[PDB]
$ cat structure_19.tsv   # TSV, C-alpha atoms and all ligand atoms
chain	number	residue	atom	x	y	z
E	6	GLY	CA	61.47	-157.19	109.17
E	7	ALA	CA	58.19	-155.75	107.86
E	8	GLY	CA	57.50	-155.95	104.10
E	9	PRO	CA	56.05	-153.35	101.67
E	10	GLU	CA	53.72	-150.78	103.26
E	11	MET	CA	50.14	-150.65	102.01
E	12	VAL	CA	47.46	-147.95	101.92
E	13	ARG	CA	43.95	-148.43	100.50
E	14	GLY	CA	45.00	-151.37	98.30
E	15	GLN	CA	48.15	-150.25	96.49
E	16	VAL	CA	51.72	-150.86	97.70
E	17	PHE	CA	54.04	-148.14	99.01
E	18	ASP	CA	57.56	-149.49	98.81
E	19	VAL	CA	59.32	-146.83	100.87
E	20	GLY	CA	61.57	-149.22	102.74
E	21	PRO	CA	62.65	-149.12	106.38
E	22	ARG	CA	63.13	-145.33	106.45
E	23	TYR	CA	59.43	-144.39	106.02
E	24	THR	CA	56.79	-146.17	108.11
E	25	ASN	CA	53.41	-145.55	109.85
E	26	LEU	CA	51.68	-144.73	106.53
E	27	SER	CA	48.35	-142.91	106.39
E	28	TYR	CA	46.08	-141.74	103.52
E	29	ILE	CA	45.96	-138.00	102.89
E	30	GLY	CA	45.02	-137.66	99.19
E	31	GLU	CA	45.15	-138.88	95.58
E	32	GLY	CA	45.59	-137.93	91.92
E	33	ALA	CA	44.90	-139.29	88.42
E	34	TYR	CA	47.85	-141.70	88.65
E	35	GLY	CA	48.99	-141.71	92.28
E	36	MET	CA	48.37	-141.30	95.97
E	37	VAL	CA	49.77	-139.12	98.72
E	38	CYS	CA	50.39	-140.48	102.22
E	39	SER	CA	51.83	-139.05	105.40
E	40	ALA	CA	54.72	-141.13	106.83
E	41	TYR	CA	57.14	-141.29	109.73
E	42	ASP	CA	60.70	-140.49	108.69
E	43	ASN	CA	62.94	-142.47	111.07
E	44	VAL	CA	66.01	-140.36	110.12
E	45	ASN	CA	64.65	-136.83	110.59
E	46	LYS	CA	62.21	-138.07	113.28
E	47	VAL	CA	59.19	-136.25	111.84
E	48	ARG	CA	56.18	-137.16	109.73
E	49	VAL	CA	56.59	-136.35	106.02
E	50	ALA	CA	54.43	-136.48	102.89
E	51	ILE	CA	55.04	-139.25	100.35
E	52	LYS	CA	53.61	-138.86	96.86
E	53	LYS	CA	53.43	-142.11	94.93
E	54	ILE	CA	53.07	-141.80	91.18
E	55	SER	CA	52.53	-144.49	88.56
E	56	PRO	CA	52.62	-142.63	85.24
E	57	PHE	CA	54.53	-144.97	82.92
E	58	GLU	CA	51.55	-146.42	81.00
E	59	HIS	CA	50.86	-142.92	79.58
E	60	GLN	CA	52.96	-140.30	77.78
E	61	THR	CA	50.94	-137.35	79.17
E	62	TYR	CA	51.48	-138.49	82.78
E	63	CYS	CA	55.21	-139.08	82.18
E	64	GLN	CA	55.35	-135.51	80.91
E	65	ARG	CA	53.55	-134.11	83.98
E	66	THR	CA	55.76	-136.18	86.30
E	67	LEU	CA	59.03	-135.02	84.73
E	68	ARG	CA	57.91	-131.37	84.59
E	69	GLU	CA	56.90	-131.25	88.25
E	70	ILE	CA	60.12	-132.93	89.42
E	71	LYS	CA	62.37	-130.66	87.35
E	72	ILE	CA	60.51	-127.48	88.39
E	73	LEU	CA	60.36	-128.31	92.08
E	74	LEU	CA	64.02	-129.40	92.21
E	75	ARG	CA	65.01	-126.02	90.74
E	76	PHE	CA	62.53	-123.78	92.63
E	77	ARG	CA	63.29	-122.63	96.16
E	78	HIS	CA	60.61	-120.57	97.87
E	79	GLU	CA	58.84	-120.42	101.22
E	80	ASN	CA	55.34	-120.60	99.59
E	81	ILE	CA	56.10	-123.43	97.16
E	82	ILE	CA	56.32	-127.11	98.08
E	83	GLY	CA	59.86	-128.58	97.81
E	84	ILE	CA	61.29	-132.06	97.32
E	85	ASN	CA	63.47	-133.63	100.04
E	86	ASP	CA	64.02	-137.10	98.62
E	87	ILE	CA	63.00	-139.32	95.71
E	88	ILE	CA	62.65	-143.11	95.87
E	89	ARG	CA	62.40	-145.59	92.98
E	90	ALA	CA	63.79	-148.95	91.86
E	91	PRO	CA	67.60	-149.39	91.40
E	92	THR	CA	67.07	-150.24	87.70
E	93	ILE	CA	64.83	-148.73	85.01
E	94	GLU	CA	63.26	-152.14	84.20
E	95	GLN	CA	61.80	-152.36	87.73
E	96	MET	CA	60.89	-148.69	87.97
E	97	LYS	CA	57.09	-148.80	87.82
E	98	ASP	CA	56.57	-146.22	90.57
E	99	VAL	CA	58.22	-143.04	91.80
E	100	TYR	CA	57.99	-141.73	95.38
E	101	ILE	CA	58.50	-138.02	96.00
E	102	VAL	CA	59.12	-137.21	99.69
E	103	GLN	CA	58.04	-133.72	100.72
E	104	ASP	CA	57.30	-131.48	103.73
E	105	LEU	CA	54.09	-132.60	105.41
E	106	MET	CA	51.42	-129.92	105.60
E	107	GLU	CA	48.38	-130.08	107.90
E	108	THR	CA	45.61	-129.63	105.34
E	109	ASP	CA	44.58	-127.80	102.16
E	110	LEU	CA	42.32	-124.81	101.43
E	111	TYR	CA	39.70	-127.17	99.91
E	112	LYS	CA	39.16	-129.05	103.19
E	113	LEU	CA	39.45	-125.94	105.34
E	114	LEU	CA	36.72	-124.05	103.43
E	115	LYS	CA	34.66	-127.21	103.86
E	116	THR	CA	34.62	-126.87	107.66
E	117	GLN	CA	35.63	-123.28	108.55
E	118	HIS	CA	34.59	-119.67	108.00
E	119	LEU	CA	37.62	-117.40	107.40
E	120	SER	CA	37.86	-113.92	108.91
E	121	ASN	CA	38.84	-111.03	106.61
E	122	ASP	CA	42.39	-110.95	108.04
E	123	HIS	CA	43.06	-114.60	107.30
E	124	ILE	CA	41.53	-114.31	103.82
E	125	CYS	CA	43.91	-111.37	103.30
E	126	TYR	CA	46.87	-113.39	104.65
E	127	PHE	CA	46.20	-116.47	102.53
E	128	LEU	CA	45.82	-114.34	99.40
E	129	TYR	CA	49.04	-112.54	100.21
E	130	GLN	CA	50.87	-115.87	100.35
E	131	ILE	CA	49.28	-117.19	97.15
E	132	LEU	CA	50.42	-114.09	95.29
E	133	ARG	CA	53.85	-114.15	96.96
E	134	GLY	CA	54.47	-117.68	95.69
E	135	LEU	CA	52.89	-116.91	92.30
E	136	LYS	CA	55.19	-113.89	91.87
E	137	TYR	CA	58.14	-116.25	92.22
E	138	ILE	CA	56.64	-118.79	89.75
E	139	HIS	CA	55.97	-116.02	87.22
E	140	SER	CA	59.43	-114.45	87.73
E	141	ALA	CA	60.81	-117.83	86.58
E	142	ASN	CA	58.60	-117.54	83.46
E	143	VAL	CA	56.60	-120.59	84.54
E	144	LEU	CA	52.76	-120.83	84.50
E	145	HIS	CA	51.11	-123.08	87.16
E	146	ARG	CA	47.80	-123.51	85.22
E	147	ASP	CA	46.02	-125.50	87.93
E	148	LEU	CA	45.58	-123.13	90.89
E	149	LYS	CA	42.64	-124.17	93.07
E	150	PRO	CA	41.95	-124.72	96.81
E	151	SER	CA	43.10	-128.40	96.82
E	152	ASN	CA	46.47	-127.27	95.40
E	153	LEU	CA	46.98	-124.85	98.32
E	154	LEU	CA	48.46	-126.48	101.45
E	155	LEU	CA	48.30	-125.07	104.96
E	156	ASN	CA	49.91	-125.71	108.38
E	157	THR	CA	49.02	-124.78	112.01
E	158	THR	CA	50.53	-121.28	111.89
E	159	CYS	CA	48.59	-120.46	108.69
E	160	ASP	CA	51.63	-120.77	106.43
E	161	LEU	CA	50.63	-121.60	102.84
E	162	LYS	CA	52.41	-123.53	100.08
E	163	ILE	CA	51.46	-124.03	96.42
E	164	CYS	CA	51.59	-127.63	95.21
E	165	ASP	CA	51.06	-129.84	92.13
E	166	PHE	CA	53.21	-128.51	89.27
E	167	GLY	CA	52.14	-131.38	86.95
E	168	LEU	CA	50.29	-129.05	84.58
E	169	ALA	CA	52.93	-126.32	84.92
E	170	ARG	CA	54.48	-124.97	81.71
E	171	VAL	CA	57.09	-122.43	80.56
E	186	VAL	CA	42.97	-129.61	80.27
E	187	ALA	CA	42.59	-128.21	83.86
E	188	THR	CA	39.92	-128.01	86.61
E	189	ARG	CA	37.08	-126.12	84.95
E	190	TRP	CA	35.75	-124.11	87.92
E	191	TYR	CA	39.02	-122.14	88.15
E	192	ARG	CA	39.70	-122.02	84.43
E	193	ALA	CA	40.20	-118.65	82.72
E	194	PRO	CA	37.57	-117.75	80.07
E	195	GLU	CA	40.11	-117.33	77.23
E	196	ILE	CA	41.26	-121.00	77.49
E	197	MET	CA	37.74	-122.09	76.53
E	198	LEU	CA	37.48	-119.52	73.71
E	204	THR	CA	49.83	-116.68	79.41
E	205	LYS	CA	50.46	-115.67	83.05
E	206	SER	CA	46.98	-114.10	83.18
E	207	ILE	CA	45.26	-117.52	83.40
E	208	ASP	CA	46.82	-118.04	86.86
E	209	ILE	CA	45.45	-114.64	88.04
E	210	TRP	CA	41.90	-115.64	87.00
E	211	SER	CA	42.23	-118.87	89.00
E	212	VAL	CA	43.44	-116.83	92.01
E	213	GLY	CA	40.38	-114.55	91.71
E	214	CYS	CA	38.19	-117.67	91.75
E	215	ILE	CA	39.98	-118.83	94.93
E	216	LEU	CA	39.57	-115.42	96.62
E	217	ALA	CA	35.82	-115.42	95.90
E	218	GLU	CA	35.60	-118.89	97.42
E	219	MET	CA	37.39	-117.84	100.63
E	220	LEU	CA	34.81	-114.99	100.86
E	221	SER	CA	31.78	-117.28	100.62
E	222	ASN	CA	32.91	-120.90	101.12
E	223	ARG	CA	31.47	-121.85	97.67
E	224	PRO	CA	32.91	-121.95	94.15
E	225	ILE	CA	32.02	-118.74	92.30
E	226	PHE	CA	31.66	-120.40	88.86
E	227	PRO	CA	30.79	-124.09	89.34
E	228	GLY	CA	30.31	-125.05	85.65
E	229	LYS	CA	29.66	-128.59	84.33
E	230	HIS	CA	31.31	-128.27	80.88
E	231	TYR	CA	33.10	-125.57	78.85
E	232	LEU	CA	30.06	-123.63	77.47
E	233	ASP	CA	28.24	-123.97	80.81
E	234	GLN	CA	31.43	-122.66	82.42
E	235	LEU	CA	31.33	-119.56	80.22
E	236	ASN	CA	27.61	-119.19	81.05
E	237	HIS	CA	28.36	-119.06	84.81
E	238	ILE	CA	31.07	-116.48	84.30
E	239	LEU	CA	28.77	-114.28	82.19
E	240	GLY	CA	25.93	-114.69	84.71
E	241	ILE	CA	27.97	-112.59	87.11
E	242	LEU	CA	30.18	-110.39	84.91
E	243	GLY	CA	27.29	-109.72	82.46
E	244	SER	CA	27.21	-110.09	78.66
E	245	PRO	CA	30.62	-109.49	77.03
E	246	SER	CA	31.60	-106.24	75.27
E	247	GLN	CA	32.68	-106.58	71.65
E	248	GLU	CA	36.24	-105.71	72.77
E	249	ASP	CA	36.00	-108.64	75.23
E	250	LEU	CA	34.94	-111.03	72.51
E	251	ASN	CA	37.15	-110.10	69.55
E	252	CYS	CA	40.08	-112.42	70.40
E	253	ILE	CA	40.28	-115.39	67.93
E	254	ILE	CA	37.60	-117.51	69.62
E	255	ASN	CA	36.41	-121.01	68.86
E	256	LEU	CA	33.53	-120.69	66.35
E	257	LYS	CA	31.01	-122.75	68.35
E	258	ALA	CA	31.67	-120.77	71.53
E	259	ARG	CA	31.35	-117.41	69.76
E	260	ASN	CA	28.15	-118.52	67.99
E	261	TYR	CA	26.75	-119.65	71.34
E	262	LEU	CA	27.72	-116.50	73.24
E	263	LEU	CA	26.16	-114.31	70.54
E	264	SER	CA	22.94	-116.39	70.68
E	265	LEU	CA	22.36	-115.87	74.43
E	266	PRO	CA	19.91	-113.34	75.92
E	267	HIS	CA	21.40	-110.26	77.60
E	268	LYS	CA	22.76	-110.91	81.06
E	269	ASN	CA	23.09	-108.07	83.55
E	270	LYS	CA	26.33	-107.60	85.54
E	271	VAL	CA	25.89	-108.66	89.18
E	272	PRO	CA	27.71	-106.21	91.48
E	273	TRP	CA	30.46	-107.74	93.61
E	274	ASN	CA	29.05	-106.09	96.75
E	275	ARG	CA	25.78	-108.02	96.17
E	276	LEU	CA	27.39	-111.44	95.64
E	277	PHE	CA	29.55	-110.82	98.69
E	278	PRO	CA	27.49	-108.65	101.09
E	279	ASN	CA	29.88	-108.46	104.04
E	280	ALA	CA	33.19	-108.46	102.11
E	281	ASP	CA	35.98	-105.89	102.56
E	282	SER	CA	35.58	-103.24	99.85
E	283	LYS	CA	39.31	-103.42	99.04
E	284	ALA	CA	39.01	-107.22	98.58
E	285	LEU	CA	36.17	-106.74	96.06
E	286	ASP	CA	38.12	-104.11	94.14
E	287	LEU	CA	41.00	-106.63	93.83
E	288	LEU	CA	38.52	-109.43	93.04
E	289	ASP	CA	37.10	-107.28	90.25
E	290	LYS	CA	40.57	-106.70	88.83
E	291	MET	CA	41.45	-110.43	88.95
E	292	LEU	CA	38.12	-111.60	87.50
E	293	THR	CA	38.49	-109.42	84.40
E	294	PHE	CA	37.18	-111.26	81.30
E	295	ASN	CA	39.80	-109.74	78.94
E	296	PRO	CA	43.25	-111.23	79.85
E	297	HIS	CA	44.97	-108.10	78.45
E	298	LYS	CA	43.13	-105.95	81.01
E	299	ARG	CA	43.57	-108.33	83.95
E	300	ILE	CA	45.79	-107.38	86.92
E	301	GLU	CA	49.35	-108.78	87.06
E	302	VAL	CA	50.84	-110.65	90.05
E	303	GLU	CA	53.24	-107.82	91.14
E	304	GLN	CA	50.35	-105.34	90.73
E	305	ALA	CA	48.06	-107.62	92.77
E	306	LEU	CA	50.61	-107.61	95.62
E	307	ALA	CA	50.67	-103.79	95.52
E	308	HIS	CA	46.87	-103.38	95.74
E	309	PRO	CA	45.58	-101.57	98.91
E	310	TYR	CA	43.89	-104.77	100.16
E	311	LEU	CA	47.27	-106.47	100.69
E	312	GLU	CA	48.91	-103.41	102.21
E	313	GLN	CA	49.39	-104.71	105.75
E	314	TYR	CA	51.45	-107.60	104.31
E	315	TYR	CA	53.02	-106.04	101.20
E	316	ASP	CA	56.83	-106.08	101.59
E	317	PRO	CA	58.72	-106.08	98.23
E	318	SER	CA	62.12	-106.71	99.87
E	319	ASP	CA	60.65	-109.93	101.27
E	320	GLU	CA	58.99	-111.11	98.04
E	321	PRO	CA	61.83	-112.80	96.09
E	322	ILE	CA	62.03	-113.66	92.38
E	323	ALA	CA	63.63	-116.74	90.81
E	324	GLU	CA	67.38	-116.55	90.14
E	325	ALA	CA	66.87	-117.06	86.36
E	326	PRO	CA	63.94	-118.02	84.10
E	327	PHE	CA	63.14	-121.74	83.89
E	328	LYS	CA	63.81	-123.53	80.60
E	329	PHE	CA	63.23	-127.03	79.24
E	330	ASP	CA	65.99	-127.42	76.64
E	331	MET	CA	64.17	-130.60	75.54
E	332	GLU	CA	60.75	-130.38	73.87
E	333	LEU	CA	59.00	-132.78	76.25
E	334	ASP	CA	55.72	-132.81	74.26
E	335	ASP	CA	57.26	-134.64	71.29
E	336	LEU	CA	59.05	-137.28	73.38
E	337	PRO	CA	57.88	-140.92	73.46
E	338	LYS	CA	57.02	-142.27	76.93
E	339	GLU	CA	60.02	-144.65	76.88
E	340	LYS	CA	62.37	-141.69	76.44
E	341	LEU	CA	60.54	-139.74	79.20
E	342	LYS	CA	60.91	-142.76	81.50
E	343	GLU	CA	64.68	-142.71	80.81
E	344	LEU	CA	64.71	-138.99	81.64
E	345	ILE	CA	62.79	-139.55	84.86
E	346	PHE	CA	65.29	-142.34	85.76
E	347	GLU	CA	68.16	-139.89	85.13
E	348	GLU	CA	66.56	-136.90	86.90
E	349	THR	CA	66.12	-138.91	90.13
E	350	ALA	CA	69.49	-140.69	90.03
E	351	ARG	CA	70.90	-137.91	92.26
E	352	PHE	CA	68.84	-139.25	95.21
E	353	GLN	CA	69.99	-142.87	94.94
E	354	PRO	CA	72.41	-144.40	97.51
E	355	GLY	CA	75.99	-143.80	96.32
G	401	LIG	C1	52.90	-132.57	99.23
G	401	LIG	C2	51.82	-132.53	100.29
G	401	LIG	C3	52.21	-132.32	101.60
G	401	LIG	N1	51.28	-132.27	102.55
G	401	LIG	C4	49.99	-132.41	102.29
G	401	LIG	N2	49.09	-132.34	103.35
G	401	LIG	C5	47.70	-132.59	103.33
G	401	LIG	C6	46.88	-132.20	102.27
G	401	LIG	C7	45.52	-132.45	102.30
G	401	LIG	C8	44.97	-133.10	103.40
G	401	LIG	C9	45.78	-133.50	104.46
G	401	LIG	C10	47.14	-133.23	104.43
G	401	LIG	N3	49.59	-132.59	101.04
G	401	LIG	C11	50.44	-132.67	100.02
G	401	LIG	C12	49.86	-132.85	98.66
G	401	LIG	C13	48.54	-132.60	98.37
G	401	LIG	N4	48.31	-132.82	97.07
G	401	LIG	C14	49.48	-133.23	96.48
G	401	LIG	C15	49.57	-133.53	95.04
G	401	LIG	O1	50.63	-133.39	94.44
G	401	LIG	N5	48.43	-133.92	94.43
G	401	LIG	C16	48.31	-134.20	92.99
G	401	LIG	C17	46.86	-133.87	92.58
G	401	LIG	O2	46.51	-132.55	93.04
G	401	LIG	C18	48.67	-135.61	92.61
G	401	LIG	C19	48.72	-136.63	93.57
G	401	LIG	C20	49.04	-137.92	93.19
G	401	LIG	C21	49.34	-138.20	91.87
G	401	LIG	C22	49.30	-137.20	90.92
G	401	LIG	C23	48.97	-135.90	91.28
G	401	LIG	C24	50.46	-133.24	97.44
$ encode --input "structure_19.tsv" --output "structure tokens"
Amino acid sequence: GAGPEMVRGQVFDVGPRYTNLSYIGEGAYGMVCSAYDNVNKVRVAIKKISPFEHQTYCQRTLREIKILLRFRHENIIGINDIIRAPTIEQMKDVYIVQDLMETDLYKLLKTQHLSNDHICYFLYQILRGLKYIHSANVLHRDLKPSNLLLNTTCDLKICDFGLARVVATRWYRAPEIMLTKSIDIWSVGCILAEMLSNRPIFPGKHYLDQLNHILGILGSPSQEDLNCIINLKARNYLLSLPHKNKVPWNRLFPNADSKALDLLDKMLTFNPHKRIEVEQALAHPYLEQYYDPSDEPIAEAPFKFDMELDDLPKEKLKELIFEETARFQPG
């Protein structure tokens, strides 16, 4: 009769069903472990979250759970089970049990050089999942290599819907946020450029520095690029800077597929109104060997929070989380 499991200090109370726990990753208010499921006889992923001390985290937790419960797609992580205390008073932690993936794009690009065909295949799958997300009228807002999970057969699944909506990792952040579905396309362009070189394309240290990196490759902005209700400090700064020449894609990425760079160019478009859309991305020549619109499903209906979660006190959100996960409790 073994007690509570433990990984790197903190307790994982996942009972007799889930054992053999092993560290695989972490977040701002939780940790993800692999575990042996003694019912399905496979290893699974278990995401522990402890968000109740903060309203923002309770929001993120509830959003993710709701979205993932609803969503059903081959390239998006699902939820198989949820564990928490039998009463709300003892609920200090929530455990989301999910399909175990082998690794993520972050770690893979750390150790491995991708061939053009695998770059092409990963990008196809990113866009195939994103299409579904966007068809549901949801924005992911935090697309980046560590939120892309992979298995042995090169299948890919998008994870971490905490920031998702009907403040994020700066390197992959669209320019307009620092100055809509188009923000997710920018992030995907950033990811594509990273698969092509194994390095982040715009590794900025803070918001203005982030804009500086983007402009150091795209060149100084046109007036039409800039006229868009920008923050006054940013606009004053951007106007102050010396001219920057555009660096040609084929010079940043010397051995890259020419079709890949054409799509890159269309994703990394400064003006969000000019930037390529997910369905258009899928239909670009570069993805042609994989493009199959009868095998790229959309969500059954757009997603909707009928409660305005932003205004809700964290005690109310905790009650909602208790209610949302009741369906998984014994009985
Ligand atoms: C759900 C999942 C399944 N399988 C794997 N495999 C894996 C990934 C990297 C290395 C080795 C194996 N990972 C996951 C998973 C990865 N990240 C998350 C996740 O939701 N992370 C967020 C931060 O990105 C998070 C974690 C804990 C608390 C709050 C947020 C789940």
$ closest_residue --input "structure_19.tsv" --among "E:212, E:74, E:196, E:88" --to "residue E:127" --atoms "only C-alpha atoms"
E:212
$ closest_residue --input "structure_19.tsv" --among "E:116, E:255, E:66, E:264" --to "ligand LIG 401 (chain G)" --atoms "all atoms listed in the file"
E:66
$ residues_near_ligand --input "structure_19.tsv" --ligand "ligand LIG 401 (chain G)" --cutoff "9 Å" --atoms "only C-alpha atoms and all ligand atoms" --output "PyMOL selection string"
chain E and resi 28-39+49-56+62+65-66+82-84+101-112+147+151-156+162+164-167
$ atom_distance --input "structure_19.tsv" --atom1 "atom CA of residue E:344" --atom2 "atom CA of residue E:144"
21.9 Å
$ atom_distance --input "structure_19.tsv" --atom1 "atom CA of residue E:68" --atom2 "atom CA of residue E:207"
18.8 Å
$ atom_distance --input "structure_19.tsv" --atom1 "atom CA of residue E:78" --atom2 "atom CA of residue E:99"
23.4 Å
$ closest_residue --input "structure_19.tsv" --among "E:271, E:143, E:262, E:311" --to "residue E:241" --atoms "only C-alpha atoms"
E:271
$ decode --input "structure_19.tsv" --residues "stretch 123-171 of chain E" --atoms "C-alpha atoms" --output "CSV table (one decimal), in the first residue's frame"
chain,number,residue,atom,x,y,z
E,123,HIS,CA,10.2,16.2,-42.3
E,124,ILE,CA,10.2,20.0,-42.0
E,125,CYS,CA,7.4,19.9,-44.6
E,126,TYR,CA,5.5,17.1,-42.7
E,127,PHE,CA,5.7,18.8,-39.3
E,128,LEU,CA,4.5,22.1,-40.8
E,129,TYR,CA,1.7,20.3,-42.6
E,130,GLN,CA,0.5,18.9,-39.2
E,131,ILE,CA,0.8,22.2,-37.4
E,132,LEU,CA,-1.4,23.9,-40.0
E,133,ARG,CA,-3.8,21.0,-40.1
E,134,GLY,CA,-4.4,21.3,-36.3
E,135,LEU,CA,-4.4,25.1,-36.5
E,136,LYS,CA,-7.1,25.0,-39.2
E,137,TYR,CA,-9.3,23.1,-36.8
E,138,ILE,CA,-8.6,25.5,-33.9
E,139,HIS,CA,-9.4,28.5,-36.2
E,140,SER,CA,-12.5,26.8,-37.6
E,141,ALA,CA,-13.8,26.7,-34.0
E,142,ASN,CA,-13.1,30.5,-33.8
E,143,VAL,CA,-10.4,29.9,-31.1
E,144,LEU,CA,-6.9,31.5,-31.1
E,145,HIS,CA,-4.0,29.5,-29.5
E,146,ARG,CA,-1.8,32.5,-28.9
E,147,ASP,CA,1.2,30.5,-27.6
E,148,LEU,CA,2.5,28.4,-30.5
E,149,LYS,CA,6.2,27.5,-30.1
E,150,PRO,CA,8.4,24.4,-30.4
E,151,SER,CA,7.8,23.3,-26.7
E,152,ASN,CA,4.0,23.4,-27.3
E,153,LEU,CA,4.4,20.9,-30.3
E,154,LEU,CA,4.6,17.3,-29.2
E,155,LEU,CA,5.9,14.4,-31.3
E,156,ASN,CA,5.9,10.6,-31.3
E,157,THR,CA,8.1,7.9,-33.0
E,158,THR,CA,6.2,7.9,-36.3
E,159,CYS,CA,6.5,11.7,-36.5
E,160,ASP,CA,2.9,12.4,-35.6
E,161,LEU,CA,2.5,15.9,-34.1
E,162,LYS,CA,0.0,17.3,-31.6
E,163,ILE,CA,-0.5,20.9,-30.4
E,164,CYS,CA,-0.6,21.3,-26.7
E,165,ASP,CA,-1.1,24.0,-23.9
E,166,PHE,CA,-4.4,25.8,-24.5
E,167,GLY,CA,-3.9,27.9,-21.3
E,168,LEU,CA,-3.5,31.1,-23.2
E,169,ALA,CA,-6.2,30.2,-25.8
E,170,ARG,CA,-9.0,32.6,-26.4
E,171,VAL,CA,-12.2,32.9,-28.5
